[PDB]
Structures are given as C-alpha cells and as structure tokens.
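One structure is given below, encoded as structure tokens.
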Amino acid sequence: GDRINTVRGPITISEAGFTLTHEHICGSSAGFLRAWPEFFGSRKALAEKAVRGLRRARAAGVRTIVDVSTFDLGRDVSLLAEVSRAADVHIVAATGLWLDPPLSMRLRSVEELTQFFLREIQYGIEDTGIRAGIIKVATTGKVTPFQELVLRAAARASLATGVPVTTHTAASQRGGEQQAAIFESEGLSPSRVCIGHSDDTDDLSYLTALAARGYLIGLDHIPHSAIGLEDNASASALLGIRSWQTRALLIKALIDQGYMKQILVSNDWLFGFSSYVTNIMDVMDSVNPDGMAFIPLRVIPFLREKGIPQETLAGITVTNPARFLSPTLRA
Amino acid sequence: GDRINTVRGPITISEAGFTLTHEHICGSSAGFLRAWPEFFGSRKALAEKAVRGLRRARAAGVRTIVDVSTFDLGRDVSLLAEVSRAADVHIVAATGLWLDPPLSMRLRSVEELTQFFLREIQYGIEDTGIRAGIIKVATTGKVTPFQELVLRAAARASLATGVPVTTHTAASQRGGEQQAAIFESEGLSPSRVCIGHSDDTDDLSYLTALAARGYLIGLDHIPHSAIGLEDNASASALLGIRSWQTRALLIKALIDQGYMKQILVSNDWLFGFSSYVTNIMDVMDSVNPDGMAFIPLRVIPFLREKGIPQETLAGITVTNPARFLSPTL
Ligand SMILES: C[As](C)(=O)[O-]
Ligand SMILES: C[As](C)(=O)[O-]
Ligand SMILES: [Zn+2]
Ligand SMILES: [Zn+2]
Ligand SMILES: [Zn+2]
Ligand SMILES: [Zn+2]
C-alpha cells in the first residue's frame, strides 16, 4: 500500500523524498565480490567509497536510491545495508535478472523463475530477511526466448505483490516496444513499468508513444558520455558520445509534450564495476566526478535555467518515484 | 611439499588413503545455493543427503574426495567443510574456472586470472581461510580464446604453488591434445596434469599417447553410462550409450600398456545439480543408486575378476592420487 521495502526495513513512502530510481552500489557478477574482493582493492575500500559518495548525494538533497542490481549483477544486499546505514540514505533492493544469468538460472522455467522473484520479494534475499522493492529485467533489442520467460515471470510477480518492474533496454533498437507487448500480454498495467535507458535515443516519437500508454520513462543515463575520450574504444562503446546536455533536454522535451508525470530521472552510477574492462571505474569517475550527485547538482539547475518550474522538477524527483515504488495491485 | 590442503586444514599424504579425484558435492552456479536453497529442498536437506552419500562411500573404503567444483560451478566451501566434518571424509577444494564464467571473469586478462587462482590457493577461498588443493579447468573441443587464458593462468598458478591441474575435456574431439599443447608451451610438467572425462572415448591410441607423455588420465565418467534412457531428451547428451563395463575396461587396457601409474579413477557424481534441467538428480540417482560408491562397489570388483591384482588397484586408488595431489615442483 503506502509502505515500501528498503534494506533497513519498511518505510512509508513520504519518507522516500528525492529518489534516484536507477543506481548501483557495485556492478558485478553473482558471488564475485565475496570471492575476489581485492578486485575492488578490498570490500572495506569499496564500502567506504560508496559511503563517501552516498553522503555527498545526501548533502545535495538525495534521500533514497533504488539499487537495480540483480542476482546476476552481483547484488550483495549485506553491502547495501551496511552503506545505507552509514550514509543514512534509503536503498531499495531489486530482484529479477539482467543480461548475465548463470546456467542455474538460464535453464529454469517461467514458473520456477516466478517463485524465485516472489521469494526475494515476499520472504527475503538469501538469508538476510531483506526484501526486494522492485523487479529489474533486461533484454537485448530482439528479446530472446529466455528473456521472454524473465519478463513474464516479472509480470506475474508484480501482479501478485504490487511491486514495480524496471527494465534495461537498447533504446536505439526501440527495445521498449517489444517489452511492453510481453508485459501487456500478461495483464500487467503500464503504470507498474519503467522502460529504462530511454535517454540513449533522440527518437521522441518512440518515447512519447510509450509515455502516452502510461509507461514510466527512465531517463537514467544523463551523465554517461565519452566525449573527449573518442580514442578509448571500450569507454566510447559503453558511454556513447552524446553530451549530458543532449540527454537532459529529453527531460524538457517530454515535459513540453505534457508527460511530466511519466518521467523518472537517474545517473545509473556505481562505485565498483567488475562486469566490464579493468579500470573502467576510474574512467567513469573522471568523466563525472559528481557521481550520483550529478542529477541534483548539474541537471536540476540546467532544467530550471531552461525555465522548467520548480514544482515540476520536484514532482519528477519526488512524486513520480513515490507513485511508482508504492506497491499497487493485489492486497 | 608433502601436505595437502583440505576444507578442514592440511593433512599428510598418508592420511589421504583411497581418494576419488573427480567428484562434486553440488553442481551449481556462483551465488545460487545461497540465493535459492529451496531449489534443492533446503540447504539442510542437501547437506544431509551429502553426508549420507559420503558415509556410504566411506563404508566402501573411500577416505578422501576431490571436489572439482569451481567458482562458476557454485562451489560453497562452507558447505564442503560442514559435510566433510559430519561424514569424516577429507574433501579437497578446487580453484580454476569451468564452462560458465560470468562477465566479471570472462573479461579478465591471463594476469588477472592467475592472481585469482593464486588467491584461492595461497590465501583462501572467500573469507573462510580454506585453501584450494587443485586447479580445475574446462574446454570445449577447439579451445576458445578465453579458455586458452584460463589454461595459461592455471599453468602459472600451478608453477608457483606445486598444486596440480585437472581438466574437463570433450574426449570424442580428442580435446586433451590441444590442452597439453598449451600447458607444455607454459613449461608445465605433464605429471602435474590430469586430462579428465577420458573414458568418454574408445580411442585407446589417443589415451596411450597422452599417458606416454606423462599425463595422468582421468577415467571419471564410468557410471555416466545410463543404459536404457533413449526416451529421455536430456539424458543421452549427458549420459552414455556405452556400458560402464566398456568404460572400465579402458582402465585394464592402460594397465596392460604399462601405464598404471598414469591412471586416476572417479565417479563424477554429485548430490545436487542445478546447472541442468530440473529433476536431473532424480534421473541420475535412479540410474546409479550407488552414487560415489560406484567405483569401490562395482568397478574395483570388476577389475579384480578380470585379473588385476590388489596391489595394482591400490596403486591406482591410493598411490596415484597421493602423488598427484602432493604439491610438487
Ligand atoms: C549495470 As548496467 C551498465 O546494464 O546499467
Ligand atoms: C560439472 As561436470 C557435468 O562438467 O563434470
Ligand atoms: Zn542497464
Ligand atoms: Zn544500471
Ligand atoms: Zn566435467
Ligand atoms: Zn565434474
């Protein structure tokens, strides 16, 4: 109803405040942080870096982040709880599956996957008793048969619990349209779904058409940009070469079209990143030293400068995430 | 030098006894047992099944198993330590990588992989202080570029520590030849290497040639013969069409060639198996109700009746594993 799960327990949605709806503490792989912590220097070093970063985000006004790391992104909810408590920032944990499921997940049926997502929402993650407040799913442009199982299981878990679904897409492939079709074939309301990484495209017809159907639009890659780093193949492939201003103007664009209630904004940042080339984190941190504070420190003023009312910005950063995260469906 | 690391700490070579050199407590995926234990009923149920299975094997003469589950096979060394202590059977843990590395492993350099294998051997696995006593690697027929990195990292870790390397091969594609070539390019002695799943072929010339170069030959799929399951659409690509006796005779064949010193025998069994289709464990347990006791209860007597002397059988099951596992440079 009006309470959501965080890694410190249930909170009322009024307490969430300024919420970043797509972030990561650490982007990794199942088991990896605990098997090889010195990849990140140490577990302690990683935790301290996350606490420093989250504390700066809190100074800048952030009160909640949603960590959309799944099992196969190496989600360690014990780490999430430790850094949440120390930074005093709410963290919502995720269930679901991203793009790197191990065999023990890849070979499961839609029914089995449904019961796994329900366990993480209704019972707890691992043996921690920490419950997920969101379901994260990911597809390639053309959805694979396994990915379709994952989306149907996510829809079924969402209908049984009321918690929302948020996606990874290839926006240049208009990936959201095939995702939306599968979700609706399962009876899932578009108001329970955020189509993420949507600022990766400048195709406003695609974006507005999803928004008109009641989907939430995740403009969550705003600081991702390898401009100046064109000589870095791996960084360019990851971040793109569109400017952060270009990405942010899509926020204005969707407001101007009348869809401010459908916008969710985030940084998609992280404090460690093992599921890409070595030292990618140092490259990203040089691009955006603000980290997760990039949205409140850079983007919000940029948009106010362009004339967007304060009330509108507050609605996008506070009201929209609250409506989205509040469990809404079967009691 | 003459101490072997187990999940309960170091043991002397003489303590190892009858050793099964390729086994699994649970074939899974990294993080999976912790995240979804009810897939196996419960963690408790899996543990209890494994303790009964190990005690059965112990009553059939087994004293040590080598669990060749890697990180990406969901190795949980805390589970191994628990079941080892309750069954009074030594378990040697593994490092290395099998065929399901996640992105955080697949994108690593040979230098990075070498350091991870070294951490698990020299420092410990996770935060447990339990050190690996063997390095497990796997390839599919024609070695992929990443698999080649794994094999080279395994060779370098072995050379720094004396710990042996054991492999998963496609024997029908003669995959050991490519593995050996890579190991030798690194300066690794063949006597530190077991080429596994070798009973999956009838090509005796292929096996003898490897043995003559000094490789250990892992005849570890003996009970994966099934016989009777052609109605199944997932128990013929995992299990066999040749009888277990046929596989077992390869042991005798190699003995007769004068290579009994080169032979390692095991079951490649497990007590849980999530990295396959659902309910596979039920199929497997019905086909081989002996589990890890299949080697001592069926294969040893079969060889004895074919005229292999006790002393030779003890050499294969006690002496060879001890020489293989004892860290050596
Ligand atoms: C963990 As990601 C690079 O898919 O947002
Ligand atoms: C874990 As296996 C079936 O490759 O020996
Ligand atoms: Zn993503
Ligand atoms: Zn992300
Ligand atoms: Zn194998
Ligand atoms: Zn095996």
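Numbering starts fresh at 1 for the residues of each chain in the structure tokens, the chains themselves are lettered A, B, ... in the order given, and ligands are numbered from 1 as they appear.
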Next item on the list: For residue B:285, work out the shell of residues within 12 Å, counting only C-alpha atoms and skipping chain neighbours fewer than 3 positions away, then give it as a VMD selection string.
Entry: chain B and resid 49 53 223 to 224 226 269 to 273 279 to 282 288 to 292 294
Next item on the list: Output as a ChimeraX atom specification the set of chain B residues within 6 Å of chain A, with distances taken over only C-alpha atoms.
Entry: /B:29-31,34-35,103-104,126,274-275
Sort by chain and increasing residue number a table of all residues of chain A within 9 Å of ligand 1, each with its closest pair of atoms and their distance in Å to one decimal, counting only C-alpha atoms and all ligand atoms, and write it as JSON lines.
{"residue": "A:22", "atom": "CA", "partner": "ligand 1", "partner_atom_place_in_ligand_line": "5 (O)", "distance": 7.9}
{"residue": "A:23", "atom": "CA", "partner": "ligand 1", "partner_atom_place_in_ligand_line": "5 (O)", "distance": 7.7}
{"residue": "A:24", "atom": "CA", "partner": "ligand 1", "partner_atom_place_in_ligand_line": "1 (C)", "distance": 7.2}
{"residue": "A:26", "atom": "CA", "partner": "ligand 1", "partner_atom_place_in_ligand_line": "1 (C)", "distance": 8.5}
{"residue": "A:27", "atom": "CA", "partner": "ligand 1", "partner_atom_place_in_ligand_line": "1 (C)", "distance": 5.4}
{"residue": "A:28", "atom": "CA", "partner": "ligand 1", "partner_atom_place_in_ligand_line": "1 (C)", "distance": 7.9}
{"residue": "A:68", "atom": "CA", "partner": "ligand 1", "partner_atom_place_in_ligand_line": "1 (C)", "distance": 7.9}
{"residue": "A:69", "atom": "CA", "partner": "ligand 1", "partner_atom_place_in_ligand_line": "1 (C)", "distance": 6.8}
{"residue": "A:70", "atom": "CA", "partner": "ligand 1", "partner_atom_place_in_ligand_line": "1 (C)", "distance": 9.0}
{"residue": "A:73", "atom": "CA", "partner": "ligand 1", "partner_atom_place_in_ligand_line": "1 (C)", "distance": 6.7}
{"residue": "A:98", "atom": "CA", "partner": "ligand 1", "partner_atom_place_in_ligand_line": "4 (O)", "distance": 7.3}
{"residue": "A:99", "atom": "CA", "partner": "ligand 1", "partner_atom_place_in_ligand_line": "4 (O)", "distance": 7.7}
{"residue": "A:138", "atom": "CA", "partner": "ligand 1", "partner_atom_place_in_ligand_line": "4 (O)", "distance": 7.7}
{"residue": "A:168", "atom": "CA", "partner": "ligand 1", "partner_atom_place_in_ligand_line": "4 (O)", "distance": 6.2}
{"residue": "A:169", "atom": "CA", "partner": "ligand 1", "partner_atom_place_in_ligand_line": "4 (O)", "distance": 8.4}
{"residue": "A:196", "atom": "CA", "partner": "ligand 1", "partner_atom_place_in_ligand_line": "5 (O)", "distance": 8.8}
{"residue": "A:197", "atom": "CA", "partner": "ligand 1", "partner_atom_place_in_ligand_line": "5 (O)", "distance": 7.7}
{"residue": "A:220", "atom": "CA", "partner": "ligand 1", "partner_atom_place_in_ligand_line": "5 (O)", "distance": 8.8}
{"residue": "A:221", "atom": "CA", "partner": "ligand 1", "partner_atom_place_in_ligand_line": "5 (O)", "distance": 8.3}
{"residue": "A:238", "atom": "CA", "partner": "ligand 1", "partner_atom_place_in_ligand_line": "3 (C)", "distance": 7.7}
{"residue": "A:268", "atom": "CA", "partner": "ligand 1", "partner_atom_place_in_ligand_line": "5 (O)", "distance": 5.8}
{"residue": "A:269", "atom": "CA", "partner": "ligand 1", "partner_atom_place_in_ligand_line": "5 (O)", "distance": 7.9}
{"residue": "A:270", "atom": "CA", "partner": "ligand 1", "partner_atom_place_in_ligand_line": "1 (C)", "distance": 8.4}
{"residue": "A:273", "atom": "CA", "partner": "ligand 1", "partner_atom_place_in_ligand_line": "1 (C)", "distance": 8.3}
{"residue": "A:275", "atom": "CA", "partner": "ligand 1", "partner_atom_place_in_ligand_line": "1 (C)", "distance": 8.0}
{"residue": "A:276", "atom": "CA", "partner": "ligand 1", "partner_atom_place_in_ligand_line": "3 (C)", "distance": 8.4}
Would you export the selected residues with N, CA, C and O atoms as an mmCIF file, in the first residue's frame, please?
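Okay, this is what ended up in again-v9.cif:
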data_model
loop_
_atom_site.group_PDB
_atom_site.id
_atom_site.type_symbol
_atom_site.label_atom_id
_atom_site.label_comp_id
_atom_site.auth_asym_id
_atom_site.auth_seq_id
_atom_site.Cartn_x
_atom_site.Cartn_y
_atom_site.Cartn_z
ATOM 1 N N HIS A 22 17.345 4.594 -10.625
ATOM 2 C CA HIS A 22 18.199 3.592 -11.269
ATOM 3 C C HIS A 22 19.650 3.844 -10.942
ATOM 4 O O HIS A 22 20.307 4.651 -11.612
ATOM 5 N N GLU A 23 20.160 3.145 -9.910
ATOM 6 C CA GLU A 23 21.553 3.276 -9.482
ATOM 7 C C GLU A 23 22.128 1.902 -9.127
ATOM 8 O O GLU A 23 21.399 0.913 -9.083
ATOM 9 N N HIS A 24 23.425 1.874 -8.842
ATOM 10 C CA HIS A 24 24.106 0.668 -8.347
ATOM 11 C C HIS A 24 25.120 1.011 -7.281
ATOM 12 O O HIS A 24 25.881 1.952 -7.435
ATOM 13 N N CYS A 26 27.440 -1.491 -6.638
ATOM 14 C CA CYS A 26 28.533 -2.173 -7.321
ATOM 15 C C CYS A 26 27.971 -3.011 -8.458
ATOM 16 O O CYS A 26 27.078 -3.809 -8.229
ATOM 17 N N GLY A 27 28.502 -2.820 -9.668
ATOM 18 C CA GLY A 27 28.072 -3.596 -10.825
ATOM 19 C C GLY A 27 29.023 -4.768 -11.012
ATOM 20 O O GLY A 27 30.147 -4.572 -11.438
ATOM 21 N N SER A 28 28.571 -5.971 -10.675
ATOM 22 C CA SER A 28 29.463 -7.134 -10.641
ATOM 23 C C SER A 28 28.781 -8.403 -11.171
ATOM 24 O O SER A 28 27.976 -8.318 -12.092
ATOM 25 N N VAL A 68 19.325 -1.171 -8.651
ATOM 26 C CA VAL A 68 18.692 -2.116 -9.559
ATOM 27 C C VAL A 68 19.663 -3.212 -9.970
ATOM 28 O O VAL A 68 19.558 -3.786 -11.048
ATOM 29 N N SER A 69 20.604 -3.520 -9.086
ATOM 30 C CA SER A 69 21.432 -4.711 -9.280
ATOM 31 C C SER A 69 20.677 -5.990 -8.925
ATOM 32 O O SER A 69 20.189 -6.152 -7.817
ATOM 33 N N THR A 70 20.627 -6.929 -9.862
ATOM 34 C CA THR A 70 20.023 -8.233 -9.665
ATOM 35 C C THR A 70 21.029 -9.259 -9.140
ATOM 36 O O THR A 70 22.214 -8.974 -9.041
ATOM 37 N N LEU A 73 23.931 -9.443 -11.502
ATOM 38 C CA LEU A 73 24.802 -8.285 -11.388
ATOM 39 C C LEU A 73 25.588 -8.274 -10.070
ATOM 40 O O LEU A 73 26.199 -7.266 -9.718
ATOM 41 N N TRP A 98 19.255 -9.737 -14.999
ATOM 42 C CA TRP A 98 19.862 -8.863 -16.002
ATOM 43 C C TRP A 98 20.376 -9.741 -17.168
ATOM 44 O O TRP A 98 19.810 -10.792 -17.416
ATOM 45 N N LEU A 99 21.451 -9.335 -17.832
ATOM 46 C CA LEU A 99 21.907 -9.963 -19.073
ATOM 47 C C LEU A 99 22.940 -11.074 -18.885
ATOM 48 O O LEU A 99 23.440 -11.620 -19.873
ATOM 49 N N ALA A 138 16.029 -7.246 -18.127
ATOM 50 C CA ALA A 138 16.868 -6.692 -19.181
ATOM 51 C C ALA A 138 16.675 -7.491 -20.454
ATOM 52 O O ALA A 138 16.561 -8.706 -20.411
ATOM 53 N N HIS A 168 16.105 -2.710 -18.428
ATOM 54 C CA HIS A 168 17.225 -2.323 -19.237
ATOM 55 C C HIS A 168 16.802 -2.525 -20.701
ATOM 56 O O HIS A 168 16.270 -3.591 -21.048
ATOM 57 N N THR A 169 17.023 -1.503 -21.529
ATOM 58 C CA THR A 169 16.778 -1.569 -22.975
ATOM 59 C C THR A 169 17.967 -1.088 -23.791
ATOM 60 O O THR A 169 18.822 -0.345 -23.300
ATOM 61 N N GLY A 196 13.690 1.650 -19.012
ATOM 62 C CA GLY A 196 14.940 2.338 -18.732
ATOM 63 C C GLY A 196 15.915 2.568 -19.870
ATOM 64 O O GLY A 196 15.751 2.038 -20.988
ATOM 65 N N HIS A 197 16.937 3.367 -19.567
ATOM 66 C CA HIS A 197 17.980 3.794 -20.507
ATOM 67 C C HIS A 197 17.350 4.474 -21.725
ATOM 68 O O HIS A 197 17.921 4.496 -22.813
ATOM 69 N N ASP A 220 17.871 7.806 -17.448
ATOM 70 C CA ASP A 220 18.711 7.428 -16.320
ATOM 71 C C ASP A 220 20.209 7.342 -16.654
ATOM 72 O O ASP A 220 21.005 6.911 -15.821
ATOM 73 N N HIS A 221 20.581 7.763 -17.863
ATOM 74 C CA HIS A 221 21.970 7.725 -18.317
ATOM 75 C C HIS A 221 22.547 9.132 -18.495
ATOM 76 O O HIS A 221 23.519 9.309 -19.248
ATOM 77 N N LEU A 238 30.692 2.011 -24.295
ATOM 78 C CA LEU A 238 29.847 1.988 -23.108
ATOM 79 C C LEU A 238 29.018 3.261 -22.909
ATOM 80 O O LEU A 238 27.820 3.194 -22.640
ATOM 81 N N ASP A 268 22.424 6.222 -13.204
ATOM 82 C CA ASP A 268 22.964 4.867 -13.417
ATOM 83 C C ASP A 268 24.441 4.816 -13.042
ATOM 84 O O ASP A 268 25.288 4.349 -13.815
ATOM 85 N N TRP A 269 24.754 5.302 -11.843
ATOM 86 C CA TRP A 269 26.142 5.322 -11.410
ATOM 87 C C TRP A 269 26.457 4.069 -10.579
ATOM 88 O O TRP A 269 25.575 3.264 -10.281
ATOM 89 N N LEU A 270 27.720 3.916 -10.227
ATOM 90 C CA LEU A 270 28.141 2.796 -9.374
ATOM 91 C C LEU A 270 29.463 3.169 -8.721
ATOM 92 O O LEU A 270 30.116 4.115 -9.153
ATOM 93 N N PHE A 273 32.792 -1.686 -10.447
ATOM 94 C CA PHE A 273 32.277 -2.156 -11.736
ATOM 95 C C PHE A 273 33.208 -3.239 -12.278
ATOM 96 O O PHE A 273 34.188 -2.927 -12.945
ATOM 97 N N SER A 275 32.030 -5.998 -14.082
ATOM 98 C CA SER A 275 31.463 -6.624 -15.279
ATOM 99 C C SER A 275 31.717 -5.791 -16.539
ATOM 100 O O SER A 275 30.836 -5.657 -17.379
ATOM 101 N N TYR A 276 32.918 -5.235 -16.647
ATOM 102 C CA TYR A 276 33.380 -4.553 -17.854
ATOM 103 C C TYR A 276 34.907 -4.555 -17.818
ATOM 104 O O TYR A 276 35.504 -5.244 -16.989
#
Item checked: Environment of ligand 2 within 9 Å, counting only C-alpha atoms and all ligand atoms, reported as a ChimeraX atom specification -> /B:22-24,26-28,68-70,73,98-99,138,168-169,196-197,220-221,238,268-270,273,275-276
Using N, CA and C atoms, can you export the residues from the last selection as a PDB file, in the first residue's frame?
ATOM      1  N   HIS B  22      37.783 -36.930  -8.882  1.00  0.00           N
ATOM      2  CA  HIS B  22      36.881 -36.009  -9.600  1.00  0.00           C
ATOM      3  C   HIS B  22      35.447 -36.259  -9.155  1.00  0.00           C
ATOM      4  N   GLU B  23      34.981 -35.440  -8.205  1.00  0.00           N
ATOM      5  CA  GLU B  23      33.634 -35.512  -7.612  1.00  0.00           C
ATOM      6  C   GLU B  23      33.063 -34.123  -7.381  1.00  0.00           C
ATOM      7  N   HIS B  24      31.787 -34.055  -6.994  1.00  0.00           N
ATOM      8  CA  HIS B  24      31.157 -32.774  -6.645  1.00  0.00           C
ATOM      9  C   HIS B  24      30.196 -32.983  -5.478  1.00  0.00           C
ATOM     10  N   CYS B  26      27.946 -30.449  -4.924  1.00  0.00           N
ATOM     11  CA  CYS B  26      26.805 -29.836  -5.595  1.00  0.00           C
ATOM     12  C   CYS B  26      27.242 -29.088  -6.854  1.00  0.00           C
ATOM     13  N   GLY B  27      26.698 -29.482  -8.006  1.00  0.00           N
ATOM     14  CA  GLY B  27      26.955 -28.794  -9.260  1.00  0.00           C
ATOM     15  C   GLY B  27      25.955 -27.663  -9.427  1.00  0.00           C
ATOM     16  N   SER B  28      26.422 -26.432  -9.267  1.00  0.00           N
ATOM     17  CA  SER B  28      25.517 -25.295  -9.259  1.00  0.00           C
ATOM     18  C   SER B  28      26.136 -24.108 -10.004  1.00  0.00           C
ATOM     19  N   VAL B  68      35.863 -30.988  -7.452  1.00  0.00           N
ATOM     20  CA  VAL B  68      36.409 -30.136  -8.514  1.00  0.00           C
ATOM     21  C   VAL B  68      35.399 -29.088  -8.996  1.00  0.00           C
ATOM     22  N   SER B  69      34.494 -28.687  -8.094  1.00  0.00           N
ATOM     23  CA  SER B  69      33.606 -27.563  -8.336  1.00  0.00           C
ATOM     24  C   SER B  69      34.363 -26.252  -8.215  1.00  0.00           C
ATOM     25  N   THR B  70      34.356 -25.473  -9.285  1.00  0.00           N
ATOM     26  CA  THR B  70      34.971 -24.159  -9.287  1.00  0.00           C
ATOM     27  C   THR B  70      34.000 -23.081  -8.818  1.00  0.00           C
ATOM     28  N   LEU B  73      30.934 -23.148 -10.893  1.00  0.00           N
ATOM     29  CA  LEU B  73      30.066 -24.302 -10.593  1.00  0.00           C
ATOM     30  C   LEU B  73      29.418 -24.140  -9.220  1.00  0.00           C
ATOM     31  N   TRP B  98      35.296 -23.332 -14.791  1.00  0.00           N
ATOM     32  CA  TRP B  98      34.594 -24.330 -15.624  1.00  0.00           C
ATOM     33  C   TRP B  98      33.972 -23.603 -16.837  1.00  0.00           C
ATOM     34  N   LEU B  99      32.855 -24.092 -17.370  1.00  0.00           N
ATOM     35  CA  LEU B  99      32.332 -23.587 -18.644  1.00  0.00           C
ATOM     36  C   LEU B  99      31.295 -22.471 -18.527  1.00  0.00           C
ATOM     37  N   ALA B 138      38.303 -26.177 -17.840  1.00  0.00           N
ATOM     38  CA  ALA B 138      37.451 -26.882 -18.804  1.00  0.00           C
ATOM     39  C   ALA B 138      37.570 -26.243 -20.175  1.00  0.00           C
ATOM     40  N   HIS B 168      38.445 -30.753 -17.687  1.00  0.00           N
ATOM     41  CA  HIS B 168      37.228 -31.223 -18.336  1.00  0.00           C
ATOM     42  C   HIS B 168      37.513 -31.187 -19.832  1.00  0.00           C
ATOM     43  N   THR B 169      37.384 -32.326 -20.527  1.00  0.00           N
ATOM     44  CA  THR B 169      37.558 -32.350 -21.992  1.00  0.00           C
ATOM     45  C   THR B 169      36.360 -32.954 -22.700  1.00  0.00           C
ATOM     46  N   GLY B 196      40.851 -35.107 -17.985  1.00  0.00           N
ATOM     47  CA  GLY B 196      39.677 -35.785 -17.459  1.00  0.00           C
ATOM     48  C   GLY B 196      38.593 -36.102 -18.474  1.00  0.00           C
ATOM     49  N   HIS B 197      37.567 -36.829 -18.010  1.00  0.00           N
ATOM     50  CA  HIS B 197      36.494 -37.383 -18.847  1.00  0.00           C
ATOM     51  C   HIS B 197      37.023 -38.218 -20.001  1.00  0.00           C
ATOM     52  N   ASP B 220      36.795 -40.981 -15.308  1.00  0.00           N
ATOM     53  CA  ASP B 220      35.973 -40.478 -14.208  1.00  0.00           C
ATOM     54  C   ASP B 220      34.476 -40.438 -14.551  1.00  0.00           C
ATOM     55  N   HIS B 221      34.113 -40.946 -15.723  1.00  0.00           N
ATOM     56  CA  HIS B 221      32.710 -40.941 -16.155  1.00  0.00           C
ATOM     57  C   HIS B 221      32.122 -42.337 -16.227  1.00  0.00           C
ATOM     58  N   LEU B 238      24.156 -36.219 -21.849  1.00  0.00           N
ATOM     59  CA  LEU B 238      24.883 -36.152 -20.584  1.00  0.00           C
ATOM     60  C   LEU B 238      25.398 -37.541 -20.199  1.00  0.00           C
ATOM     61  N   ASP B 268      32.591 -38.801 -10.876  1.00  0.00           N
ATOM     62  CA  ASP B 268      31.981 -37.501 -11.249  1.00  0.00           C
ATOM     63  C   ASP B 268      30.515 -37.453 -10.803  1.00  0.00           C
ATOM     64  N   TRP B 269      30.290 -37.803  -9.547  1.00  0.00           N
ATOM     65  CA  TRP B 269      28.944 -37.743  -9.001  1.00  0.00           C
ATOM     66  C   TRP B 269      28.681 -36.409  -8.295  1.00  0.00           C
ATOM     67  N   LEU B 270      27.438 -36.219  -7.859  1.00  0.00           N
ATOM     68  CA  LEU B 270      27.054 -35.054  -7.067  1.00  0.00           C
ATOM     69  C   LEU B 270      25.785 -35.384  -6.311  1.00  0.00           C
ATOM     70  N   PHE B 273      22.256 -30.709  -8.270  1.00  0.00           N
ATOM     71  CA  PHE B 273      22.664 -30.360  -9.623  1.00  0.00           C
ATOM     72  C   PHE B 273      21.686 -29.355 -10.208  1.00  0.00           C
ATOM     73  N   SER B 275      22.669 -26.759 -12.352  1.00  0.00           N
ATOM     74  CA  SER B 275      23.103 -26.275 -13.661  1.00  0.00           C
ATOM     75  C   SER B 275      22.767 -27.267 -14.760  1.00  0.00           C
ATOM     76  N   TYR B 276      21.533 -27.736 -14.724  1.00  0.00           N
ATOM     77  CA  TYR B 276      20.989 -28.610 -15.739  1.00  0.00           C
ATOM     78  C   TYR B 276      19.476 -28.518 -15.595  1.00  0.00           C
TER      79      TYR B 276
END
Checklist line | Filtered DSSP result for stretch 14-244 of chain A, state strand (DSSP E), as a PyMOL selection string | finding: chain A and resi 19-23+26-27+64-67+90-92+94-97+134-138+165-168+193-195+216-219
